[PDB]
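Asker: Supplied in structure tokens, the structure appears directly below.
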RNA sequence: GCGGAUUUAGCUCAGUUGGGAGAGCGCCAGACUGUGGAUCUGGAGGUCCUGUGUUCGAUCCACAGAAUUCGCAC
RNA sequence: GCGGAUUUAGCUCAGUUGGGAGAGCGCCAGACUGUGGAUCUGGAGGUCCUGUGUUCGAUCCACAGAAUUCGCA
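Chains as they are written, first to last, in the entry's author numbering: chain B, 4 to 217, 245 to 268; chain A, 4 to 217, 245 to 268; chain C, 4 to 217, 245 to 268; chain D, 4 to 217, 245 to 268.
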């Protein structure tokens, strides 16, 4: 053909071999999304169950995924360093992960929320980015970063939404009240003013969600300081 | 934070400025997809209408998309050379496009096919790639390439399936019949042996689908040799 | 062989076809270099001829180089859109250009300065970077940028070195004297305090060096506003 | 400035952190270079001493280089995984290495060969590529690969040049003679026909050259199987 | 895109309805001698592409995903 | 992750009910002049981060998405 020459303008990027690959997918404008479909605040259980369902099915579909961690509207997938999926073409991996997460989310939404059919202008869309890590310690520190982020965001949102619902404050009022406040102050505000003991909050909300290949098992525990949890799973390293 | 340092391992790729951008999305294993949901052969109208609906909605959402061409399980989107969407980040554009096409396809499928609800193991997924073209002549030639490819492939499937249906041949028999045949030979085989006049086939089947920003208008015309069609639409160039 | 596998960690980068290529080479620490070998200030003529000789020879060797502009310790080379040199492999182009400029500079230095044999710890080194530009207008604007920067740096160096040499100021003293000063002030300082008419300085010093493929001709002219200079050379565009 | 905007078209590439970097430089058309300056065959000691001098000086100039291995017209440099030279910018590293190796080669050439002044059309140029390796085992395997390649190439050149020089053959005759020949066949040809025992060849010629930071020490030993050679130098991993 | 064929040790290839994995070259060690060549002896290396399903048991059987190659076709 | 402020001519800052965009500099040319200095005239360059609407009309207003910067950690 006299037209195929344009194919020469395409440029592929193969991700460095024998390197750990993290693919992180993130909900596009899921704040507005959470508002449109009237999500429970601070945390809506079933929506998180949809997220976990999509992630788990995806994980079941692709064996190279050793571990997955999700919270709020985000999910991180760890691919074994020796992954050869799609010859490690970055675009294939990221666009496939985003496509899969979006479609599976739509499906499981149709399963968990039949009362709230999806509207064409507020469909769940995900972006996806690939990140390379040469040593496992960086993987540990990454998931540590994500879990710390989950802890901070959950504490803030629980305090905020308890201030809004129980103390009937305005979002602006709750926002100003939390200004310059630290973890101890948020816990004290929740317990004394809202009558809520944070430590008694669901483990899933405060710790996020971990899916690990054992069998596929789901945990909601601290992985930041618990070295034995990692050490007992050496196949994560391989 | 002692963990945020891992964020430094990320690499962004900004697409060269003042360049025409083509993002092509492609259905993942849609032959098998067409089999599972028992698509009509050679061409199933309603499915193609799902594709076109999804693509048109997508084009409607992003004003930077000047032109789209789709056929079978593929769709190409032209973004104007001075586009600043997501600061011209390749990953954002591609993962977002795959996600959008996927979700819109899922939505419109429930609309056109209420009789065939989607199965979790056969959801429509799309990959996506970004290609840069510095001169409009290469864009013209690109879409020319896509239309020629559509013509050849359609001619193949229509001839094959007419050989299976009208002459009651076995797939291997029809395939053996098509060895060393060219477009003209396939046309002559269809007309003389199967009694089907190709030129009378649906225009969408023979030319594919064009969505162009005018209002958004859909065409099923030749864009390869019709220079005036392009010349009459200078806003495509800039 | 059981060791050849490491070849898979290599990454090639082919520069986008049908795009103008600019390769800019720049002297490594040529201020300290100028100090060690006792360069005349503000401008040492013979050094500039070494630069120009190296650039001209390099350009003579590779016909794809259509235009070159050099000043101080930098030089810019324009390679035509359909250049296929080293299959447009970026790395080959850049390392080759840097190696060539360094070696030719060493050679022509050995020719112009036999009195000052080069010392191993002060050899002329060059870096090299490649930049892609999709439209010729951006090429014009690039070389315009380079000539403007050349004017700025030359004016600064002449004023600075006239304040240090013609007067008896310290380099830091002159630096502080020129702080927050503009072209008008520099001109006025040269005139009133140093008794130097900037405009009467050599044209090469104020405008830089242009090498054009016509035959290779060397110019010291304005290319910023002179449209006719470019328009009279359409082969530069092709 | 209204022209500085072109600066936005540059794209820099920062190498993945915590990864071992190998920068390999290789002589451009050094077959022709070897012919032009009438190099001794198969191996010219003084030329190898020029290469080695250049490499040692370069390594001496940049403390980040932990190990270097060179042979024939190529040299490989290992940079420790946490190196921050030029912020791990690929272009700067490679073009700088090419420039340095080229200039140093010119200088030491002027020192070892006062009898053979360099001709402008045959100055020594080097290309350079950077390769990332996430694990040290790959470093060991890389240098192993290069040393094996050295063994093969040296055996070939010694057998070949003994066939042209000693048996007074034409290069094409030797080329055809070595077609389909294996190491054993080459050894027997040298031994029986040329009266040459390969094992008695200089250790530098058959093993290549190793420069290691200990002090900078030079070795001509096997590094493929001698694990202790690496193990006794743990600072290479760090 | 359509179809066939293939994926097991470092390289080339076996193998068994469906049962516990091998040979030649190459590599390392020792003896031997002409040396890293020749012969001989010894030894090392493998997620049998990645998952799933059935089964007491999968390299094999069924399905799916990835990769290699050759045909036909622009 | 949560919030404040910011993005307007090449640079630096105003900036407006909601209506018609500017200054200093920079920069091109011309007259006279020490020089493309100053001084003098004319002129250019602004998609005011990007889209939609309310409107007879949008730089400010209302919705959506993005970027720089500093806090709270």
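We treat Cβ as the ideally placed atom computed from N, Cα and C, and that holds for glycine.
(1) Which first and last residues belong to the alpha helix (DSSP H) in which residue 100 of chain A is found?
(2) Taking 8 Å as the CB-CB cut-off, is residue 65 of chain D touching chain C?
(3) The alpha helix (DSSP H) spanning residue 66 of chain C covers which residue range?
(4) Would residue 160 of chain B pass as a contact of residue 197 of chain B if the rule is Cβ separation under 8 Å?
(5) Candidates B/91, B/265, B/256: which alpha carbon is nearest residue 17 of chain B's?
(6) Report the CB separation of residue 266 of chain C from residue 69 of chain C in whole angstroms; it is logged as a contact under 8 Å.
(7) In this structure, what does DSSP give as the bridge partners for residue 131 of chain C?
(8) So with CB distances below 7 Å, who are the chain A contacts of residue 138 of chain C?
(9) Ignore the nearest five residues each way along the sequence and tell me which others in residue 98 of chain D's own chain have a CB closer than 8 Å to its CB.
(10) Run through chain A and tell me which residues come within less than 7 Å of residue 135 of chain C, C-beta to C-beta.
(11) Who are the near neighbours of residue 105 of chain B in its chain, counting only those whose CB is closer than 7 Å to its CB and skipping five residues on each side?
(12) Are there three or more Cβ pairs, one per stretch, closer than 8 Å when the stretch 131-149 of chain C is compared with the stretch 9-23 of chain D?
(13) Terminal residues of the continuous alpha helix (DSSP H) containing residue 261 of chain C?
(14) Would you identify the three-state DSSP class for residue 3 of chain D, choosing helix, strand or coil?
(15) So, is the C-beta of residue 88 of chain A closer than 8 Å to a C-beta in chain D?
(16) Does the CB of residue 12 of chain C have a neighbour CB from chain B at under 8 Å?
(17) Please list, in chain order, the residues of the stretch 31-43 of chain D that have any C-beta partner in chain C closer than 8 Å.
(18) At the level of alpha carbons, what is the spacing between residue 47 of chain B and residue 188 of chain B?
(19) Using a Cβ-Cβ cutoff of less than 6 Å, which residues in the same chain neighbour residue 56 of chain D once the five nearest sequence positions on both sides are dropped?
(20) How many whole angstroms separate the CB atoms of residue 96 of chain D and residue 88 of chain D, which I take to be in contact at a CB cut-off of 8 Å?
(21) Straight-line CA distance for residue 250 of chain A to residue 79 of chain B?
(22) What is the DSSP secondary structure of residue 173 of chain B, reduced to helix, strand or coil?
(23) Using a C-beta cutoff of 8 Å, does residue 141 of chain C count as contacting chain A?
(24) At least one CB of chain D closer than 8 Å to the CB of residue 70 of chain C: is that the case?
(25) Is the CB-CB distance between residue 158 of chain C and residue 201 of chain C below 8 Å?
(26) With a Cβ-Cβ cutoff of 8 Å, do residue 146 of chain D and residue 72 of chain D count as a contact?
(27) Please work out which residues of its chain come closer than 7 Å, Cβ to Cβ, to residue 192 of chain C, disregarding the five sequence neighbours upstream and downstream, and give them in chain order.
(28) How about residue 9 of chain D and residue 255 of chain C: are their beta carbons less than 8 Å apart?
(29) Counting only beta-carbon separations shorter than 8 Å, does residue 54 of chain A have a partner in chain B?
(30) Within 10 Å of its beta-carbon, does residue 125 of chain A have 16 or more other beta-carbons around it, so buried, or fewer, so exposed?
(31) So, for residue 199 of chain A: in the same chain, excluding its five sequence neighbours on each side, which residues have a beta-carbon less than 7 Å away from its beta-carbon?
(32) Can you give me the C-alpha to C-alpha distance between residue 216 of chain A and residue 141 of chain A, rounded to a whole angstrom?
(33) List, in order along the chain, the chain C residues whose C-beta lies closer than 7 Å to that of residue 131 of chain D?
(34) What would DSSP say about residue 83 of chain D, mapped onto helix, strand or coil?
Answerer: This is what the structure gives:
(1) For this step, residue 100 of chain A is matched to residue 97 along the second chain. Its alpha helix (DSSP H) spans residues 93-115.
(2) Indexing the fourth chain from 1 puts residue 65 of chain D at position 62. So, not an interface residue.
(3) Along the third chain, one-based indexing puts residue 66 of chain C at 63. Taken as a continuous stretch (DSSP letters only), residue 66 of chain C belongs to no alpha helix (DSSP H), as it is neither H nor E.
(4) In the first chain, counting from the first residue as 1, residue 160 of chain B sits at position 157. In the first chain, counting from the first residue as 1, residue 197 of chain B sits at position 194. No, they are not a contact pair.
(5) In the first chain, counting from the first residue as 1, residue 17 of chain B sits at position 14. Ranked by Cα distance from residue 17 of chain B, the options B/91, B/265, B/256 are led by B/91.
(6) In the third chain, residue 266 of chain C corresponds to position 236, counting from 1. In the third chain, residue 69 of chain C corresponds to position 66, counting from 1. Contact between residue 266 of chain C and residue 69 of chain C holds, since their C-beta atoms are separated by about 5 Å, short of 8 Å.
(7) As a first step, residue 131 of chain C is located in the third chain; it is residue number 128 there, counting from the start. The partner list for residue 131 of chain C (beta bridge, DSSP) reads C/28.
(8) For the purposes of this step, residue 138 of chain C is identified with residue 135 of the third chain, where counting begins at 1. What residue 138 of chain C touches in chain A: 21.
(9) The residue given as residue 98 of chain D occupies position 95 in the fourth chain. 131, listed in sequence order.
(10) Position 132 of the third chain, counted from the start, is the residue given in the question as residue 135 of chain C. By Cβ distance, chain A contributes 19.
(11) The count along the first chain starts at 1 and reaches residue 105 of chain B at position 102. These residues qualify, in order along the chain: 127, 128, 129.
(12) Yes: at least three Cβ pairs fall under 8 Å.
(13) Translated into positions along the third chain, residue 261 of chain C becomes position 231. Annotation: the continuous alpha helix (DSSP H) that includes residue 261 of chain C extends over 257-261.
(14) Past the edges of chain D, shown from 4 to 268, lies residue 3 of chain D, and the structure says nothing about it.
(15) Position 85 of the second chain, counting from 1, holds the residue named residue 88 of chain A. No, residue 88 of chain A lies away from the interface with chain D (no Cβ there is under 8 Å from its Cβ).
(16) Along the third chain, read from residue 1 onward, the residue named residue 12 of chain C stands at position 9. Cβ-Cβ to chain B under 8 Å: yes for residue 12 of chain C.
(17) The residues in question are 31.
(18) In the first chain, counting from the first residue as 1, residue 47 of chain B sits at position 44. In the first chain, counting from the first residue as 1, residue 188 of chain B sits at position 185. Rounded to whole angstroms, residue 47 of chain B to residue 188 of chain B spans 25 Å at the Cα level.
(19) Position 53 of the fourth chain, counted from the first residue, corresponds to residue 56 of chain D. Answer for residue 56 of chain D: 111, listed in chain order.
(20) Along the fourth chain, one-based indexing puts residue 96 of chain D at 93. Along the fourth chain, one-based indexing puts residue 88 of chain D at 85. Residue 96 of chain D to residue 88 of chain D, Cβ: 7 Å. Contact.
(21) If you number the second chain from 1, residue 250 of chain A lands on position 220. If you number the first chain from 1, residue 79 of chain B lands on position 76. Each residue's Cα considered, the two are about 42 Å apart.
(22) In the first chain, counting from the first residue as 1, residue 173 of chain B sits at position 170. Looking at residue 173 of chain B - three-state DSSP - the assignment turns out to be coil, as it is neither helix nor strand.
(23) Stepping through the third chain from its first residue, residue 141 of chain C is reached at position 138. True, the Cβ-Cβ gap to chain A drops below 8 Å.
(24) Counting from 1 along the third chain, the entry for residue 70 of chain C is found at position 67. Residue contact check for residue 70 of chain C against chain D: no CB pair falls below 8 Å.
(25) As a first step, residue 158 of chain C must be located in the third chain, where it is residue number 155. As a first step, residue 201 of chain C must be located in the third chain, where it is residue number 198. In this structure, residue 201 of chain C lies closer than 8 Å to residue 158 of chain C by Cβ.
(26) Locating residue 146 of chain D in the fourth chain gives position 143, where the first residue counts as 1. Locating residue 72 of chain D in the fourth chain gives position 69, where the first residue counts as 1. Taking 8 Å as the Cβ cut-off, residue 146 of chain D and residue 72 of chain D qualify as a contacting pair.
(27) On the third chain, residue 192 of chain C is found 189 positions in, with the first residue counted as 1. Excluding residues within five positions, the ones whose Cβ falls inside 7 Å are 162.
(28) Position 6 of the fourth chain holds residue 9 of chain D. Position 225 of the third chain holds residue 255 of chain C. Result no, Cβ atoms of residue 9 of chain D and residue 255 of chain C do not sit closer than 8 Å.
(29) Taking the first residue of the second chain as 1, we reach residue 54 of chain A at position 51. Not one chain B Cβ lies under 8 Å of residue 54 of chain A.
(30) Taking the first residue of the second chain as 1, we reach residue 125 of chain A at position 122. Classification for residue 125 of chain A: exposed.
(31) If you number the second chain from 1, residue 199 of chain A lands on position 196. These residues qualify, in order along the chain: 165, 193.
(32) By 1-based counting over the second chain, the position of residue 216 of chain A is 213. By 1-based counting over the second chain, the position of residue 141 of chain A is 138. Distance between the alpha carbons of residue 216 of chain A and residue 141 of chain A: 19 Å.
(33) For this step, residue 131 of chain D is matched to residue 128 along the fourth chain. Listed along chain C, the residues sitting closer than 7 Å to residue 131 of chain D by beta-carbon distance are 98.
(34) Position 80 of the fourth chain, counting from 1, holds the residue named residue 83 of chain D. Residue 83 of chain D: coil per DSSP, three-state reduction.
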